[PDB]
Structure formats: structure tokens, C-alpha cells
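This is the structure I have questions about; it appears just below.
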Amino acid sequence: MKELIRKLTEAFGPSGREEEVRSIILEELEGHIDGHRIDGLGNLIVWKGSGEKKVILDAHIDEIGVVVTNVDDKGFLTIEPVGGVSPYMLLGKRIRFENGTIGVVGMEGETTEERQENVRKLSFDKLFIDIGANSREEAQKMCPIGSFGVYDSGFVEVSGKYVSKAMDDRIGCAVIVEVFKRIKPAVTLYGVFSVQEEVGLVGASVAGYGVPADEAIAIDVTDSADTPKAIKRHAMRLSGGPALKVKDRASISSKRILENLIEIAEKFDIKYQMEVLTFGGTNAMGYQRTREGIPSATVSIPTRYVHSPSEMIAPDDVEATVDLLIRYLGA
Amino acid sequence: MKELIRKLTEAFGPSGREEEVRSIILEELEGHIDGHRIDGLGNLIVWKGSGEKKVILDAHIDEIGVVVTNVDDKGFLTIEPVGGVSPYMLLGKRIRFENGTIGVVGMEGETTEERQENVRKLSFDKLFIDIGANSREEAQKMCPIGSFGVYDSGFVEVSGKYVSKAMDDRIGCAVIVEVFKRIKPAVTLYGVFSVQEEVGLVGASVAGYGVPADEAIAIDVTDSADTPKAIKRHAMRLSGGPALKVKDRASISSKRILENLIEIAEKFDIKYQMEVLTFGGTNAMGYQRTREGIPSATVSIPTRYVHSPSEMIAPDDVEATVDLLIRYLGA
Amino acid sequence: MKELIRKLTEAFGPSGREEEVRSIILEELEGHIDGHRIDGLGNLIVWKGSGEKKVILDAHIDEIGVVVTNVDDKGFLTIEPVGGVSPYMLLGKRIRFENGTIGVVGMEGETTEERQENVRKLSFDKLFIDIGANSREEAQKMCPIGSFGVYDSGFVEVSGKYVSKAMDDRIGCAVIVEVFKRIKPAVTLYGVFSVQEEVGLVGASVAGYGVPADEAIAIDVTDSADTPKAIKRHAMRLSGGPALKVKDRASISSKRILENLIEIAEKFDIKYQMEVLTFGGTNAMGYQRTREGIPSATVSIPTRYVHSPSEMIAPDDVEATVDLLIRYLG
């Protein structure tokens, strides 16, 4: 699965500009799906099988990023976050823009005391991007206002863990692709690779509309609270298996679906952990609220350092999640 | 357009009580539309033309305002904001209520020290409206609880700029009315004049449901950051032409639609500017999330002092916006 | 020069562990120096040419970094800075250790409020490094206490500018190495590639002791204050040519050496700029305090985002500096 994960995480796909991710996913799926369509928002919907029960598996293909809001006379850029990227994460980091341009993030401060105050209260107003331009005109040629960027960081293996940008939610995309590659479905299986989750769960809010699903299961990342002084109320851990989301701020999972997943996990002795998340949301909310309502749940990959350029996952949890879905939906 | 703008901005239409504005728009459109309907929430939907492509143009007809929440023994009124009206804008101001009553906004404070602290952290809890009542009973007769009000201020020309209340989004309403008046559409053109945008984008959230649109373009105001110490990360300026919204907190514009608009603008050499807004939202969000999803974008009029009683626009920006839409949708 | 700069900035050389850098400098200089020695601290001292005047050119080969101070039960590392690396620069970054281990820097915070508070007043006590270990036992094997690390970042060209880690002071090293490759020296030219500059100017404090120098010229980075809301009292800019340091907190340059350099630049139409730095120091201090005192000066390469993992220079300034030195000494 490593190469698939490496390819998807490194691909350029911030919210609203996910086309490259969608294409890579389509290619990977060729020969493993019966059909597909791409809707108006850019959601990729694929299907395999002919079983009576219809199930959606959803993962979002957008990642967090930045967008250029202004250019000054000397050619430095200002940016606005796309999704929940912290300004503290950006300091001294490199940004990769859609056209391949690389920029360096710098912070303002006319005095050492001002720099010290700025970092104590960091905001995007105090940040800028240097793309090597020497004038406004030159910067506009390379990266005009409205240009999107992502972390300039890639996949690397760290003593058996995988580290990359955009585990959120390329790791989810990889899980679902892998399910389609392997499964002989007992259900009619719908794969939705949805846009713009990071800016309001937008794609999954409509992707369900044209899909007659009995169930929707969102696959996403969750907080692995096993680091020093981790979020105390969060129980999730690396290598603890798939995390079955009881609740987060966006949704409460269908009890019936969780019980099914739990029974499946116990029967096949798949390691799993229960999740209640005290912040954040997932695409499950979108399917839940579509039409007359699709009962929905979330299965999560425990991930360290979410929204950093070095998100970390345990490959055993990913495999177990693909296994759990396969046992639940087929063979 | 001056008389149309003067008429629309001066009309009484706070969120949920937009009827007078709707009637005016209907009267102005007479002879320029094939048909119209008014839905359950009060959205006004109109159509002209027979083209293959179906396009919605949306402007919201509600304005920010106040609503009466309580009355005291002496006949003074307490109010709650309707939409994002700041208390600071309110002070010393006159409010015009639906039944035509004028009220004066006053602030509490039993000592000069108290008054100073109140203005230091102003809130609606510290404000009251004086409508000349001498008792609760008398006030209850003039402006009972639940009466809606708006700014008592009107249209004025300021050295060639237009100033009025409710440029947001009467200026949007004017643009669409003027498009329908002039255009010979190569498209099927749907005009949606939607209610209750200021209180959660309520109207545009359902107005698309019954309209088989290929595209939706929201016409709304945006922050013109060309005043002293303006919002630094915002690029928009008066006389910079229509602002093509890449993103705001509510939506990311459809890339294809923006590119189409950009090409039209370059080809006909219409002044335009690219917009990323660091706060706020528009009706584009409602259409994006409608049914299976309508690809949507926003085109904005640069406006100074948004949500004040003296919002300011450049007539050239409005005309260029009218021009851009005509070129995009017809001749 | 690009490839020399790319190689040097990417090499592993934090203070006190500069060996890999020293080897590369030696390899590059082969055939361009008459002789060399490495002293007890690891300073690499080289010489070329003969002449009555003896001149030192100095660049430090160490870069800023981190060192492991402790390990917990779950296998996470705590670190201490080596030199002036800000904890804010480390958040979410990757660290490359000497034996090649890669680590991820994370921050503590048991509540969302705590995390915000920690970010508000960040310190090394709030940081940890994740190397993928699942236990202390496993971690001590991979990266025991006392392991050194540097930024895991590399050289990239950004619209005609050079960006990498450790322009400070690899860019100084490349300049001096380049002078040696090109120069036919009119002096006896001493090149000192010194250690532990970032931790108190240690190497340059003694590197001059065994060298009979008339003059010392330190080559180092300086603050390029041409970014938005840059340090307002700093005038130095990219593409402004080499910066002649009148003063910083560590030293005041010899006026005589500065005047010679100014005259050389004027004579040969080399662009240059005057530098006054309100913070920081260079190896020039060490030479001036050596023995009976060696008159010393600093010539600086204008650099943006110093002590970040993405330091930025203009190749024209560097090339102009090589030029200024060749003109002066050969």
C-alpha cells in the first residue's frame, strides 16, 4: 500500500483544486470498478458490485493549504489559510504552488521586540511568502492573487511509521481505493472521493444526493493522542486499529452501523478502538443530512500531528481498516 | 441606474421583511422577463430567454437591521441585531421602522465613568431606542416587540461616488435588474432575488431547488480595502472593476466559472480584480449545496464601510459588472 | 558555484560535529592549496601562496541544530538547541540526525487551551521529537542521549535566488573555497574553516593562535532587511553586493581593512554596501582577541530568514564577494 499512499499524499490537491488527486484515483481504480461519474462540484463517484444493500464509502480528496490574497510592491505575497492550517505551522516552511512555484514563508517585525510579540500572537497578517520575485509585476506573473498552495513536503518512512503531508485525507482515499482493488462485494459498493471537506464539508453535502445509499461510512483521520502531554480526553492511539467514531462536533454515528462494524471486528479479531472526538468534523455529517437522511458513521485512521506537514500514521491501522471494510462489505 | 439604485437602497427590507423591495424589483422588471414566481420563503424567481445553458443570477434583497425585543415602563425599546450590525454603528443613529416610526438610539450609563466603560465594550444590552413614547403601553402601540427596523438614511451622491444604506445587496439587485433590462440572452437566464441572506443565507439555500440551473453566480458586495489603514490582506478597491471571488469563508468559487468570467473580461477589456475575502460569506454557498450541487461563483461590487449607514460604491464598478455579465450571458 | 553551495548547505555539520563538512571542503580544495592542518578542536586550516603579508579568510563550518537530552517511556526525545535555533522554527519540521535517523518535532499540550498557551510562550521544554520508536529501549538504540540533529531540508532555486539550510555559514565556506580555486595570491593566504561558531565563537577563538596573520577577514552571513516589515534599523539588502561590517555586538571592524576593501571595490566597480548590525556576532571577534591581537574585519553575504531551514541569498552578492577578495589579495 506504501506506493499508493506515497503517490496520493504527495499529489497537489488543496480545497477547490483537487483535480490531480481525482485523476490519480481514477487511474488506480481502472479495472476495479464497474462505472463512475464526476459531478458538478468535482466529486468522483465510482461503483462496484450488484448487492442488494447499497453502501457509500467516502474519503475527501482535498487537503489543507494556503491561497494568495495580495501582492506588495516588492513582490512578497500575503496568504489566507485554506482549511485549518495554523500560522505557527507555516513559519520557515516552504510552499508548493499549483504551477510548481516554490515560496518561503517569512514573518514581519521591524524590531526584535516586534518579532517576539508577533510570534507570541501569530496571525496570517504577520506572515508573507517569498517566491523570489523582485517586483509586484514579477510576482503576479508567477503567482497571481487567487493562486493555491500546499506544504512542500513529501512521504518518508520513520522507523515503521509513514510520515507525509495530507494523510488527512489521502490515507482515507488510499483505504477506499485498496478496498475496491481487493473486494468481491456482497453489496452494491459506492466509492465517493469528495471535494472541499476542509472548508465546510462541501462535496459530501451533495455527493449523496444522486446515490441511493442505505448506508454511508466516511473514512477520515483522527487525533492519535499518544504523544507526550497529548490531548487528555482523547483515547485514540497509533497501532490501536481503526477508530470507530461514536461522536464528534459534526456528527453522531449510527449505532446500528457501529454495532455491525464492532461485530465484524470481533468475529475476525480485528483490533479496533472507540472514538469520541472533542473537536473537528467529518463528511459523515453531509450524508446524514442528504434527502430523507442516510444513516452514516465514521471510521478513522489514528494520525499524529494532524494539519502539520509531517502527519504520522501506523501502516498496521490502515491495513486493518481496509480489512474491516472488506469483511463488512464482501470478501 | 442611479434612480434604480436610489430606489432599491432606500426601500425598507430587513431580513424576513423584504416584501417592499420585492415589489419594486417586480415593477422594474415588467416587460423584461418571460415569467416569474414567488416561493414559500419569499424568494422572487424570474426568467428570460431560451438558451441551452441554464444560469442563475442571485442577489439578496434583505438588508441588515434591528428588531425590538423588549419595552420598559418608560416606553424605551430594547433591540437585537438583524444580521451583522455593530452596536457602534447604531449609536446616535435614527432607525426607521416598518410602520414608518422613527426612533433614536441611546446608550446606558449611570455615571460618566460607567458611560466610558460601556462605550469601551459596547453591546446591545447597553443600547435602547427612543420613539418618543412616555409609557410602556404607548410604546406597545407604536412599536411592539418584534417590530423590525433599518437605518434611517438615504441615497446621496458624494463627488461621483454613490452612498446609501443597503448597498449590500441592493446594488446587487440593481445589477441583475439592469442585466435583465438590457440583455438578449444566449442562455436561459434565471434571476433570483433571495430573502434572509444576512441571517444565515436562508433564501439562496432553497431557491435553487426548483430551478434546473447549470450555473449560479451570486452578485454581492465585498470589502473595498482602499481606505487609510484598510484591511491589509484584502486587495479589492473601488474603480478596480468587478471582483471575482476566488474564496471567502462560506465558499470557493467554481474554477471553470471564474476562468470563463476572466476570459470574457480580458477579451472585452473590462476592468476586474481577483478577490480572496478573509471574512464573510455569500449566497453562492446555498446554490453549491443545492440538490446534487450547482457549480457556483461570486462576482462582487467593491464597497466601502459595509454594514454602515453610508456604504459607498463606484458607479463605474457597477456598470462594468453589468457589462461583464451581459458579455458572459448574451449581447 | 551552485553545486558547491548545494553540497555544503546540505552536508551534516552542527556545532561540535562538523567532520563531514570539513572533509568536503578538503576534497574541493585539492590541488588548490599548498598545505593544510586540522587542530585539536577540528578547525581546518589551509594555506596557499607566499608573500610578506599574511591574511586569514575565515568561515565557520558548523550550523545550528539540536541535541537529544532525554528519552521517555514511549520512546519520544527531548532536545536542547545547538546555537540560536528558535523553537518556533522547529514546530512540525523534520530533523535529520547524524546516523541518518529522521525525526518529527511535535509540541505538548493536554488541552486545546494548553496548546494555545504553549504556542504563545514556546520553549524547548514544550517540544519533543518523534523518531517512530515505540519504547525507550528502542529509541536509545536509534538516537541515544547526545545525538545531534540538523534541519531536514535541502537546496532549491527560487526564481534566481538560492535557498537551503545553513547558508549560515556554508555560503561563507563556498566563497572562501572559490577564492582559493581562482586566486593567484599576492599574499600568503590562510583559509580557516572553523568550528563551533554558533556556540560561542569557539573555533575562531584559537584558530588564529598558530597563524602569523597581519589581517583577518571573516566571511559570514548578515541580515538582509529587504522583506516586509524587516528590521528597520538594518540597511542591508540582497543584490546590494558584499556588506562591509562596520560593527555588530561582537566586534568593530578595523577601519583600515574596511578602507582597503572600499578602495578595491571602487577601483574595480564592484557593488558593495555598508553594514551595521544591531544583533549577532562573527568569528572576527576571535581573531582580534588572539595573542597580541590581529586586526580583523567581516565581509557579509546578505541573507534572508537566517536560522530558518530556508535561508535565502542572491548568487550575485556571493560572486561579487569572491570578486572583492580576489581583487584584494591576488
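Computed from heavy atoms alone, side chains included, the values below leave out hydrogens, waters and symmetry copies. A, B, ... follow the sequence lines: proteins, then strands. Residue 1 opens every chain.
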Problem - Check: C:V71 main-chain N/O paired with C:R136 side-chain donor or acceptor under 3.5 Å - result: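 Present.
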Handout entry: chain C interface, residue from A:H307, A:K93, A:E311, A:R94 that has the most non-hydrogen pairs under 4.5 Å
Key =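 Highest number of heavy-atom pairs under 4.5 Å: A:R94.
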Practice task
Examine whether an atom of C:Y151 lies under 4.5 Å from a heavy atom of chain A, and if so say whether it belongs to the side chain, the backbone or both; otherwise answer neither.
Solution key: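 Interface part for C:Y151: neither.
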Practice task
Tell me, out of C:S153, C:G103, C:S159, who's got the most heavy-atom pairs with chain A below 4.5 Å.
Solution key: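 Max contact count across the listed options: C:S159.
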Handout entry: Basic-acidic side-chain contact under 4.0 Å: A:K229, C:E110
Key =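 The answer is no: the pair does not qualify as a salt bridge.
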Exercise for the section: With a 4.5 Å cut-off on heavy-atom pairs, point out which of C:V158, C:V163, C:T278 contacts chain A the most. Expected result: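 Of the options given, most contacts go to C:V158.
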Problem - All pairs passing salt bridge (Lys or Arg N to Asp or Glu O under 4.0 Å) where residues 150-159 of chain A contributes a residue, at least two apart - result: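 For residues 150-159 of chain A, and leaving out neighbouring residues, the salt bridge (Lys or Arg N to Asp or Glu O under 4.0 Å) pairs sorted by first residue read A:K2-A:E157, A:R96-A:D152.
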Problem - C:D130 versus chain A, the contacting section by heavy-atom distance below 4.5 Å - result: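 Both parts, heavy atoms under 4.5 Å.
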Problem - N-O pairing of C:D226 and C:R304 below 4.0 Å - result: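 A salt bridge is present here (some side-chain N lies under 4.0 Å from a carboxylate O).
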Handout entry: Contact class of A:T112 relative to chain C, heavy atoms under 4.5 angstrom
Key =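 Looking at A:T112, backbone and side chain both touch chain C.
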Handout entry: Distance (rounded to the nearest 0.5 Å) between A:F76 CZ and A:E108 CD
Key =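 Rounded to the nearest 0.5 Å, the CZ-CD separation comes to 10.5 Å.
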Practice task
Determine the option with the most heavy-atom pairs under 4.5 angstrom with chain C, choosing from A:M312, A:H234, A:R233.
Solution key: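 Of the candidates given, the most pairs with chain C belong to A:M312.
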Handout entry: chain A interface, residue from C:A314, C:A225, C:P309 that has the most non-hydrogen pairs under 4.5 Å
Key =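 Between C:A314, C:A225, C:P309, the count favours C:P309.
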Handout entry: Pairing of A:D72 and A:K74 as salt bridge, 4.0 angstrom limit
Key =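 Looking at A:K74 together with A:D72, the answer is no, because their closest N to O distance does not fall below 4.0 Å.
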